[PDB]
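Visitor: Quick one: the structure is below, and I'll ask about it shortly.
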Amino acid sequence: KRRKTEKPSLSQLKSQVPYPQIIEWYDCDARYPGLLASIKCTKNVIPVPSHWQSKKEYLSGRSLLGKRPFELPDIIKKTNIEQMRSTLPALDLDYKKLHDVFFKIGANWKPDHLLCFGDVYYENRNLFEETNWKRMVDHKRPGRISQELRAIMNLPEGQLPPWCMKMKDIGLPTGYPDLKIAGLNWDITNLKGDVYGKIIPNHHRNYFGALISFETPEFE
Amino acid sequence: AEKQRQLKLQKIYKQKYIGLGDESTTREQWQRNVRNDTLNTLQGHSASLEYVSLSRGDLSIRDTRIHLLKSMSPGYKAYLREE
Amino acid sequence: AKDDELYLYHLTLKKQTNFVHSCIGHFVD
Amino acid sequence: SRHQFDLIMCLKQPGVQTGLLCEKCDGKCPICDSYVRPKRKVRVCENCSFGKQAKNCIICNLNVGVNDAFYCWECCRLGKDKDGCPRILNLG
Amino acid sequence: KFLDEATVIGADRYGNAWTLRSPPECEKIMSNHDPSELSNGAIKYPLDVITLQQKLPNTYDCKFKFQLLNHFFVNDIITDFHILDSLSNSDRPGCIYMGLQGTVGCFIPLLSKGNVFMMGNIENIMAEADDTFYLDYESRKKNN
Amino acid sequence: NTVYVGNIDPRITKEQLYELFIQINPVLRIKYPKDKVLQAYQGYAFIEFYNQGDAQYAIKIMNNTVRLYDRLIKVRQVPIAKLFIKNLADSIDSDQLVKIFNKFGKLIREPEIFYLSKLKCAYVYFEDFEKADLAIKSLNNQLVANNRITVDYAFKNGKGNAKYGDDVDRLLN
RNA sequence: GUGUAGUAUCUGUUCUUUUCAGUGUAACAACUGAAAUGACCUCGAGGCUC
RNA sequence: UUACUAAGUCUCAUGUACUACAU
């Protein structure tokens, strides 16, 4: 009773904290709030996954209904057993082939997503969309437009995007100062296919561990 | 039954290994375990013991070791205060 | 892609000199 | 035990003696009941040996064991090897 | 100390000898950008980094993290690291350390692979070698 | 920072939006909703850039520019004193109210005329708690258009508390 | 192609004494105890009301 | 231009699996 009503306000607790935004309303009933704020707000600690205080047993997810059953890592998919055995609703294989797939072909191979120091998987999360996202931030760059989005845009080949004219009056993108586009800052004769422009960088090892040779263990 | 066994193993592991936070443990009880284990390792490794000896600048190293031993008990602060 | 993965080879050239323990027995003849 | 819950252990400081297991229980790591790559022979406190009870299987506690029990390499790294005296006091 | 631009040597008060490396995601950014734009100005960080800033401001405040590269435990307390481009004209540059309790030891980067493959296999042998002797000595007791 | 985008064909997908706007500026995040009543796309998205400079830039260059599935793409960028007054005359027009309260204080909005019980009452919005105090001090229990009107604070219980002067002062600041 | 006992899981349905105090809870929830009756005013809300 | 969250408890029915047990 008295101890329950003795609690300091969470904002009174914020001042003790160097990173006050992590502390939350429920920290008021922390039996040792001044300590718990220091631990929770300590540098490298990773806050408890928030699926607690929910009674849903951490997975009720509607998204769980729509998750793909599985996908082979493409290196293993090269092994062709996908066609040999149909998992969806005998296939003689070579020892050298499989062994080389894991070792010769797949030594340097690593899953593309993984996760980071403090990455924690909440129920509603799905990594796959973020994998295509990270891969997409990689492939796609300004000045280039795929033929699909080009067809939807109804832009014929050899013709500049509609924002090149408004970009002539307004100016180059503030975010891309080094961006070049045919007809304006960049040679129109170099206009080719899906690329109407490219960023021209103005910036222009061994890491003590350079192996200088790569030799995998041989099965034979 | 299973959880009930985990209670007994809680009593046994707590007996052997001393401080193990069960569910509710006071910060005074637990921080004492922290201090005791940290000092325990500082004096336990001849390495870190040699290190604290020099950085502290004591005349002998066993002064630092038995210092840590004494520093394990809470009343040693007031003991230093009474010197 | 080249894996960085620095591979270090540890050697003790000279072995720890602070003598923490001793015993007086006669071991080998 | 790892599987049957109500089985109670000893957990005292092991002595020089080595625990025996019967041919029926042969091959199990007394903690995890694993058959793979055993490492170190089990050691039990003297309080679990004494008379006839010393001959019992430290696992099933009933039969008279010939063989010595070894910890696996997973328990030897998990340290449960050195936890204490494994034995099953209650039959379960 | 530094081995390189992107990697760091460090020891511990408790005797750990480790080496860390900045992630390639950070190396690309600093190689492709000027430092003046880091504090203020436009530097485009992938979506995950920012979400780690608002999600975990305490750990990711520095917006990148060292992936552990090498870790080791030498029971001494390392006083001095020195990175020598060559040790007695040897090609592979080493790093030699003197410990407090006294010691000097080295970490030699292994060129190629089957160097560390053979070394790794030998270390794996000598690791459980005592257990191999115990299992042989056990089987011979089963036959006797 | 964040820009609204609309008039989008549900066949436009997330990768297509990303590839579209990366041509304009760098895109920090894209929230592109997916209906749980149609299992598709509801035809408007939100693109969060790295700053309001690139945001406003994309608003200027992008608006009424790109044509996707023959439909044009749209882009759009994404607490006051209240006095209850009772027993007003039927000859009192809202504009007459405006004239009456302008001398005391500037009105953030227009008065609201409503009938209780037959009983003509109005809400008058002042930009200042102090000017509201002026219209109260002078106009409380006064006879206008041969009718006695009462001027006080409207309920929220009623406005004019101690924290109300403090925060309304700040909203003025 | 059956019967005895028993279990789990959907979905449908529906909101249990208005309040107070205690336990309880991260807060809830839940549990434990009691009980106002009468009068009035403005638009179910409100009362330094009696 | 809609800036992304709903079921819970009870009651009496329906849907579907299952566990010991017997011919």
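By convention in this document, the chains of the structure tokens carry letters A, B, ... by their order, each chain's residues are numbered from 1, and ligands are numbered from 1 in the order they are shown.
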Taking only C-alpha atoms into account, produce a table as a tab-separated table in which each residue of chain E with an atom at most 10 Å from an atom of chain F appears once, together with its shortest atom pair and the distance in Å to one decimal, ordered by chain and rising number.
Guide:
```
residue	atom	partner	partner_atom	distance
E:42	CA	F:50	CA	8.0
E:43	CA	F:50	CA	8.9
E:44	CA	F:26	CA	7.4
E:45	CA	F:28	CA	8.1
E:46	CA	F:28	CA	7.4
E:47	CA	F:28	CA	6.0
E:48	CA	F:28	CA	9.7
E:50	CA	F:28	CA	8.8
E:51	CA	F:29	CA	9.9
```
Visitor: For residue 35 of chain G, list every protein, DNA or RNA residue within 10 Å, evaluated using only C-alpha atoms (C1' of nucleotides), and leave out those in the same chain fewer than 6 positions away; present the list as a count of residues only.
Guide: 3
Visitor: Between atom CA of residue 84 of chain A and atom CA of residue 97 of chain A, what is the distance in Å, rounded to a tenth?
Guide: 14.5 Å
Visitor: Within 10 Å of residue 218 of chain A, counting only C-alpha atoms (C1' of nucleotides), which residues show up once you throw out same-chain ones fewer than 4 positions away? Write them as a tab-separated table (two decimals) with C-alpha atoms, in the first residue's frame, please.
Guide:
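Heads up, here's the output in out-v7.tsv:
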```tsv
chain	number	residue	atom	x	y	z
A	96	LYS	CA	31.95	-34.35	-55.41
A	99	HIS	CA	30.71	-31.66	-51.14
A	100	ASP	CA	31.81	-28.87	-53.49
A	103	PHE	CA	32.80	-26.24	-49.50
A	104	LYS	CA	34.12	-25.30	-52.96
```
